[PDB]
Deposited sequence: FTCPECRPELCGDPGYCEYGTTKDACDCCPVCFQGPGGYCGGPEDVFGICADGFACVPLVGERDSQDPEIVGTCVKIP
C-alpha cells in the first residue's frame, strides 16, 4: 500500500499520551508513542511506533531501550 493524499482536518484523536506524540508512517496524522516493552511494528507500524530511545524488536516486534 502506498499512501493517498492527506488532510489535517480528517485525523482522529489518540487522547493524551505519556511517552510522546508522532506522525503516521506517511507522516500525515499524529499518533501516540508506544512505551517501553509495549507492542509495535506490523504492517504500517499499525501495532505501534517506539518512543525515542526505544527500538521495535521482533521475535512485528516490541519496544526496548537501546544503550
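Missing from the model, relative to the deposited sequence, is only the range 60 to 70.
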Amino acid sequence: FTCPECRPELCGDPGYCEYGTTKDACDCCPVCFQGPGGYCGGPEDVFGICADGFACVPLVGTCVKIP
From here on, numbers count along this sequence of modelled residues.
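When the two stretches 10 to 18 and 42 to 50 are set side by side, the higher mean Cα temperature factor goes to 10 to 18.
The entry lists a Cα temperature factor for residue 30 that places it in the lowest third of the chain's modelled residues.
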